[PDB]
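Visitor:
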Ligand code: NA
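Numbering (mature numbering (1 follows the signal peptide of the UniProt record, and there is no 0)), first residue to last: 11 to 250.
Here you go:
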């Protein structure tokens, strides 16, 4: 997250860190949202590589013991069957991860609530992106979980020629684009939390930013629209 602030450690208890095994250690690669005690929602592109993955719930500082973490292996990966890794603009950037164990819930570890199917946010709706991704274009990962306030940019504006044009689909949510605040590499797969009827819900799964940089004016961060995939999610969980 470029232009973020440090999150309070109990603000976003559904955020997870998706990590892969790297030598004798683990490296953060993406975010995710805990959606059942044994299921995480993330981006398909985060799991393209043939790596050993784990999830960390209750994580705040990637580089320090928080006293709240639970570490769990990924047992099964179910990528959306229409996903194509060389065509992120087509959409379908979503995957579900079945965890090897069911995590225990507490103020640091909670299920993300998802929007009702079909819900589309009005332009300029209030949302926060969260993650440990780069804090500058071509920078480095955050140590502590960051949040940034990123208002939605509706489809009509986001798919206009000076924004994303054809590359953004109605199956996506755009947010931000102010040139200061954005998602960045390492935020992919995590939540976009939007405040609706008094309750935050996870409306987006972080998918992509501009090849020209993270915080680029009129290139809002682009998310998979969770509300387009409610039946898919429920079908995967029911059949696994
Ligand atoms: Na930690």
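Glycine is no exception: its CB is placed at the ideal position from the N, C-alpha and C atoms.
In the DSSP assignment, find the unbroken beta strand (DSSP E) run with residue 27 in it and report its ends.
Guide: Residue numbering aside, residue 27 sits at position 17 when the chain shown is read from its first letter. Note, residue 27: beta strand (DSSP E), 25-32.
Visitor: On a CA-only basis, which of 23, 24, 203, 226 is nearest residue 312? Give me that one, please.
Guide: No statement about residue 312 is possible, as the shown extent of the chain runs from 11 to 250 and does not include it.
Visitor: Can you tell me whether residue 241 is buried or exposed, with buried defined as 16 or more other CB within 10 angstroms of its CB?
Guide: Numbered from its first residue, the chain shown carries residue 241 at position 231. By the 10 Å Cβ count, residue 241 comes out exposed.
Visitor: Could you tell me the alpha carbon to alpha carbon distance between residue 153 and residue 245, rounded to whole angstroms?
Guide: Taking the chain shown and counting its residues from 1, one reaches residue 153 at position 143. Taking the chain shown and counting its residues from 1, one reaches residue 245 at position 235. Those two C-alpha atoms are separated by around 35 angstroms.
Visitor: Using the three-state DSSP reduction, which class does residue 177 fall into: helix, strand or coil?
Guide: Counting from 1 along the chain shown, the entry for residue 177 is found at position 167. Residue 177 falls in the helix class under three-state DSSP.
Visitor: For residue 92, which residues of its own chain have a beta-carbon under 6 angstroms away from its beta-carbon, when the five flanking residues on both sides are left out?
Guide: Numbered from 1 along the chain shown, position 82 holds the residue referred to as residue 92. 102, listed in sequence order.
Visitor: Kindly indicate which three-state DSSP category residue 165 falls into: helix, strand or coil?
Guide: Taking the first residue of the chain shown as 1, we reach residue 165 at position 155. Looking at residue 165 - three-state DSSP - the assignment turns out to be helix.
Visitor: Pull up the DSSP beta-bridge partners for residue 16, would you.
Guide: What you label residue 16 is simply residue 6 of the chain shown in a count that begins at 1. Answer is 156, bridged to residue 16.
Visitor: Would you identify the three-state DSSP class for residue 219, choosing helix, strand or coil?
Guide: Stepping through the chain shown from its first residue, residue 219 is reached at position 209. Reduced to three states, the DSSP call for residue 219 is coil.
Visitor: List the endpoints of the continuous beta strand (DSSP E) containing residue 49.
Guide: Here the question's residue 49 lines up with position 39 in the chain shown. Note, residue 49: beta strand (DSSP E), 49-52.
Visitor: Would you be able to state if there are at least three C-beta pairs under 8 angstroms between the region 65-72 and the region 13-26?
Guide: Short answer: they touch.
Visitor: Determine contact between the region 166-178 and the region 27-44, defined as no fewer than three beta-carbon pairs at a distance below 8 angstroms.
Guide: Not touching, per the Cβ criterion.
Visitor: Is the region 183-194 touching the region 99-115, taking contact as three or more C-beta pairs under 8 angstroms?
Guide: no
Visitor: Compare the beta carbon distance of residue 236 and residue 219 with 7 angstroms and say whether it is the shorter of the two.
Guide: Start at 1 with the first residue of the chain shown, and residue 236 comes out as number 226. Start at 1 with the first residue of the chain shown, and residue 219 comes out as number 209. Against a cut-off of 7 angstroms, the Cβ pair of residue 219 and residue 236 comes out as no contact.
Visitor: For residue 2, count the other beta carbons within 10 Å of its own beta carbon; 16 or more makes it buried, fewer makes it exposed. Which is it?
Guide: Residue 2 falls outside the range modelled here, since the chain spans only 11 to 250, and no answer is possible.
Visitor: Where does residue 45 fall in DSSP's three states?
Guide: On the chain shown, residue 45 is found 35 positions in, with the first residue counted as 1. Residue state, collapsed to three classes: strand.
Visitor: In the structure shown, what three-state DSSP assignment does residue 110 receive?
Guide: Counted from its first residue, the chain shown places residue 110 at position 100. Three-state DSSP puts residue 110 in coil, outside helix and strand.
Visitor: Ligand 1 and residue 79: does any heavy atom of the ligand fall closer than 6 angstroms to the residue's C-beta?
Guide: The residue you call residue 79 lines up with position 69 of the chain shown. It does: the Cβ of residue 79 is within 6 angstroms (strictly closer) of some heavy atom of ligand 1.
Visitor: Indicate the three-state DSSP secondary structure (helix, strand or coil) for residue 130 in the structure shown.
Guide: Numbered from its first residue, the chain shown carries residue 130 at position 120. Coil, per DSSP.
Visitor: Could you round the C-beta distance between residue 193 and residue 231 to whole angstroms and report it? I think they count as a contact, below 8 angstroms.
Guide: Position 183 of the chain shown, counted from the start, is the residue given in the question as residue 193. Position 221 of the chain shown, counted from the start, is the residue given in the question as residue 231. The Cβ separation is near 4 angstroms, so the contact holds.
Visitor: I need the straight-line Cα distance from residue 243 to residue 80, nearest angstrom please.
Guide: Here residue 243 is taken as the residue at index 233 of the chain shown, counted from 1. Here residue 80 is taken as the residue at index 70 of the chain shown, counted from 1. The alpha-carbon atoms of residue 243 and residue 80 are separated by roughly 24 angstroms.
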